[PDB]
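**Student:** Input: one structure, supplied below.
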Amino acid sequence: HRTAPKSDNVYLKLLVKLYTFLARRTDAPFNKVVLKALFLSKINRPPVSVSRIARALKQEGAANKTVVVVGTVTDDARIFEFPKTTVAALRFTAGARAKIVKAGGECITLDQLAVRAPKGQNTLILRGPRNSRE
Amino acid sequence: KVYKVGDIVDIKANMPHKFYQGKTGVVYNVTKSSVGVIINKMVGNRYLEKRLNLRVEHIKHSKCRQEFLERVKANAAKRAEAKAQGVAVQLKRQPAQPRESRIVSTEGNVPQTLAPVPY
Amino acid sequence: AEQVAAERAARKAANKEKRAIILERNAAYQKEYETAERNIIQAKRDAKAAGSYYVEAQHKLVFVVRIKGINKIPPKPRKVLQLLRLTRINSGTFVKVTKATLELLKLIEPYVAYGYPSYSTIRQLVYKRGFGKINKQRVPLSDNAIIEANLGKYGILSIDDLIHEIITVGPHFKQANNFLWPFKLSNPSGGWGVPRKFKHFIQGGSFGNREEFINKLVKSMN
RNA sequence: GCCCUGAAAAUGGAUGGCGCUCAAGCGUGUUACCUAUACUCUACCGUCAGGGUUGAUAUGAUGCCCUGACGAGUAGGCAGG
RNA sequence: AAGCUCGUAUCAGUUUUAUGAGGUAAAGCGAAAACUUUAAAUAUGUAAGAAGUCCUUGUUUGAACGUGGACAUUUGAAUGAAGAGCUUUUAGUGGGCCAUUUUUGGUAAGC
RNA sequence: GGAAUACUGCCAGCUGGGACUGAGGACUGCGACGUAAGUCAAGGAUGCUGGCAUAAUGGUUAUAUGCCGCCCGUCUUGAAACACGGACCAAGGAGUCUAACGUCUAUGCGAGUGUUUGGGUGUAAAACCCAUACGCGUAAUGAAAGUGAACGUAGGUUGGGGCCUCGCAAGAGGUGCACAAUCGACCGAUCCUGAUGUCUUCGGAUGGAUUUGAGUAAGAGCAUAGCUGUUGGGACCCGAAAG
């Protein structure tokens, strides 16, 4: 349970504004989860590798699904091929951004995701490995 | 009477030494000469378990869970019938209710008045 | 901005039917009540004229008011006053009479005045101090939309419907009853009688069961 | 059942006092009246809870609005000034 | 509270039912008080459905044990209702009088 | 025999007197009275009339009158009183700095991270720029020599926020992140088994049974700042006998 972020990013505050409006006047269980995720502290938003995304895109029925991470997307070297997809996130590191946009895909932000899917249709949310550490 | 690890029994001694005498617990050991029960005691406002070691003849099985089973089987029967036809069957129990109106008759029964007695 | 006249006409026509439905319902409830009462009178007369005795039905519904304060209560009397929703003094509730609730009523006897309420006192309580619990919040009733749109899934769509479901213990007594927030009465206007209150009503006090004078108590405490 | 005796000292004194005798004493019944930060109704302050509002241009979105129940406090804790 | 996994129709200093325990007669009545045939409580434990029922039967037919489908929420008493469970650790506290209700032992009387 | 009255109860019966309050601020709603437009006591007070415009009302202040209130702080949690401090005034006067570890939050980059020991430059103890090294992290386990992480779609079953499909819903089916439970697979330690073979004793293939570890089973860390915790430094402040 939280109600306002403890951060001081004015851009993050604008994101919270937008997604509070969407959560209030759309009635879809997607915005309600992303707004909650926009409140967590840094230790509770583990980074999501670029290969966990590929691992997720292999599930049967996930050809053109838009994959959404609400934290940071980091690179990976142990994987070699990469599908052609579109990922939405807060931040992409240099390596992960280069890999995605070089394999043909696209790297977008969260507000553009909200405008290409006001209710989060044909999407798929990913969470990082919490307790690989303490 | 032969007991297994896990069954339920009550303590009943056939003098002044110790008095649980009417509790109910689970057998957590069965040795050759005795049996062992545990009992959750209210330690102020917590339930801490005491492990007692009774004897054989000072313990008997319990029937505190026979009515539940018999009622579930009667309910199986009633619900078999309630699917066999379209019937309101009202399986639930009901607490005892207040009585209804009546008309007593003083034909062979004339009311006999009686006053209290002296000293 | 369209829908300028059709909406007003349609809503004013839709309300004019619910009004007639409520008219019919009440006109029937009244006949039922008076017929039952007159029948009981005549049955007593017939037993007397036939040389016999006619006993009535045990009362199905009691009204309970909390009389003593909140200090120096033991725990088992202290928990029944919570399960009865009697949280502060001079608060009242209805209670169905069964062998399961009579023991409750006998466990907290030294702290309550309870008895058997009549149509007039039920009606006055609901018309003056009636407040519903709507998702929370002790909302005054004051209107039929409030009752219908929160208690209508059980055929209750007015306030005489509620009074009926309470006075003749129907199938949805539990739901209708937990709808009503507990009543907050005041002290009695003429006093109590009884120099001292905490003796038995039989023995010249207030607590316990009076069975018929709860009406004279609550009509003044109201 | 009331009433007397049914032991108890020492500066002058205590149904709280004055006083009270078909009582202003004792046992009881019926009423009327006085009175708390307790109960009821209404306003104002705050706290908590649930709903609305991005609709531009309008005056501040840690805002604006509608509804409800609540308020003792040492050690100690959290927040705003 | 720090905080996060969980408000999950499941819970409760409460009553009712089934049953044990007090067994004191004070029910109440005996085969020549001589019962246990059996109350009313007095607070005393346990139990009251989804980790449940049936069909069908492979191993050390009754014991546990495996199996392949049927079973629906007035889904198995009453009242109330959203504040129970792990992890982190962080602050104060760690020893006392009055009264009532049981119980034991007490003498001038206290206790 | 036929009435009456009393007591108890009900009326969505009528009707006088008194006191306190007037929150809200365009309309919206539920009603009622009328054939009719309209009217109303129906989601919070208006209408009429008089006096004064100043010390009249009100605020402050001194006194009088009615009722109330035992002297502050500290220490023993009670006769809770005792006991200890206080003649009066001004100024001074007590949880601070650091080192090392740990939780929590914010920020930067992220399989990486960290410029400031030093070099270059400078408008000169500032700011800007930088090579090679080094620490922590990316691999664990055994006392030690040492050895050192995929049978498979990185696994099997149950539960699981979302998303997808059929559908108005209600539902039904598909895939299922984090995390949880249970059965397995891989690495090291440990007990056996002992192959193609060789410095005649070397090598340890292969298949096996116990527990075991902060192990692997598509990385999550490094640095800075703030609020705090513990330990050491005189360590919240003063006050004492000593070698």
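**Student:** What FRET efficiency comes out for the pair B:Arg51/C:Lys136, r = Cβ-Cβ distance, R0 = 41 Å, nearest 0.05?
**Tutor:** 0.25
**Student:** Of the options C:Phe63, B:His61, B:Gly108, report the single residue whose Cα projects farthest towards the positive end of the charge dipole of the protein assembly as shown (beta-carbon charges: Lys, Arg +1; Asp, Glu -1).
**Tutor:** Working it through, the farthest residue towards the positive pole turns out to be B:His61.
**Student:** Using a ≥ b ≥ c from the Cα gyration tensor of the stretch C:123-201 (square roots of the eigenvalues), is it rounded, prolate or oblate, where a/c under 1.5 gives rounded and otherwise the larger of a/b and b/c decides, a/b for prolate?
**Tutor:** prolate
**Student:** Just to check, using Stokes-Einstein with a Kirkwood Rh over alpha carbon pairs, what's the diffusion coefficient of chain C at 10 °C and 1.306 mPa s in µm²/s?
**Tutor:** Stokes-Einstein gives a translational diffusion coefficient of 80 µm²/s.
**Student:** Hey, how many Å between the Cα centroid of the stretch B:6-32 and the Cα centroid of the stretch A:20-56?
**Tutor:** Taking the Cα centre of the stretch A:20-56 as reference, the centre of the stretch B:6-32 is 57 Å away.
**Student:** Is the C-alpha gyration tensor of the protein assembly as shown telling us rounded, prolate or oblate? Criteria: a/c under 1.5 is rounded; beyond that, a/b larger than b/c is prolate, otherwise oblate.
**Tutor:** oblate
**Student:** Additional query: What trypsin sites (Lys or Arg not before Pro) does the stretch B:61-119 have in DSSP loop regions with at most 15 other beta carbons within 10 Å?
**Tutor:** Listed in order of number, the matching sites are B:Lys63, B:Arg65, B:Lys92, B:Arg93, B:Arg99.
**Student:** Quick one: among A:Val33, A:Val68, A:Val87, which has the greatest mean-square fluctuation in a GNM of chain A with alpha-carbon springs under 10 angstrom?
**Tutor:** Residue with maximal mean-square fluctuation among A:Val33, A:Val68, A:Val87: A:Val33.
**Student:** Let me ask something else about it. Quickly estimate the mean residue ellipticity at 222 nm for chain C, helices only: each DSSP H run with n ≥ 4 gives -39500 (n - 2.57), and the total goes over all residues, rounded to 500.
**Tutor:** -15000 deg cm²/dmol
**Student:** Assuming a ≥ b ≥ c are the square roots of the Cα gyration tensor eigenvalues, decide whether chain B counts as rounded (a/c under 1.5), prolate (otherwise, with a/b larger than b/c) or oblate.
**Tutor:** oblate
**Student:** Within the stretch A:1-132, how many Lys pairs sit with Cα atoms under 15 Å apart, leaving out pairs fewer than 8 places apart on the same chain?
**Tutor:** 12
**Student:** Scan around C:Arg210 for amide H atoms under 5 Å from its own, H built in the peptide plane at 1.01 Å from N, and keep only partners 5 or more places away or cross-chain.
**Tutor:** The list, which skips near neighbours in sequence, is C:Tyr114.
**Student:** Go through C:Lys99/C:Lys174; B:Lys12/B:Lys78; C:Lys68/C:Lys174; B:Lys12/C:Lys99 and tell me which ones have a Cα-Cα distance over 28 Å in this structure.
**Tutor:** Over 28 Å apart, Cα to Cα: B:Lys12/B:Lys78; B:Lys12/C:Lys99.
**Student:** On to the next question. Please list 3J(HN,Hα) in residue order for the stretch C:122-131, calculated via the Karplus relation 6.51 cos²θ - 1.76 cosθ + 1.60 where θ = phi - 60°; whole Hz, with x for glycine and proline.
**Tutor:** Going residue by residue, I get 4, 5, 5, 4, 6, 6, 9, 10, x, 9 Hz, with x marking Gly and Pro.
**Student:** By DSSP, what percent of the beta bridges with both residues in the protein assembly as shown are antiparallel, rounded to the nearest 5?
**Tutor:** Antiparallel: roughly 70 percent of the beta bridges in the protein assembly as shown.
**Student:** Which residues in the stretch C:76-112 place their backbone N less than 17 Å from a point set 7 Å from the Cα of C:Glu56 along the Cα-to-Cβ direction?
**Tutor:** Residues C:97 qualify, since their backbone N sits under 17 Å from the label point.
**Student:** Measuring from centroid to centroid over Cα atoms, what is the spacing of the stretch A:76-134 and the stretch C:27-68 in Å?
**Tutor:** 77 Å
**Student:** Starting from the Cα of B:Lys23, draw a straight line to each of the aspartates and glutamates and keep only those under 12 Å, dropping any in the same chain fewer than 8 residues away.
**Tutor:** Output for B:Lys23: B:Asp10.
**Student:** Further question: Between B:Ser105 and C:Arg38, what's the calculated FRET efficiency when r is the beta-carbon distance and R0 is 30 Å? Round to 0.05.
**Tutor:** Efficiency at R0 = 30 Å is approximately 0.80.
**Student:** Work out which GluC sites (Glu not before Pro) in chain C are exposed loop sites (DSSP not H, G, I, E or B, at most 13 other Cβ within 10 Å) and give the longest gap free of them.
**Tutor:** No qualifying site falls inside C:57-210, the longest such stretch.
Read the figures in this text as sums done on the coordinates, not as results from a lab. Don't worry about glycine lacking a Cβ; one is built from the backbone with ideal geometry, like all the others, and counts go over all protein chains shown.
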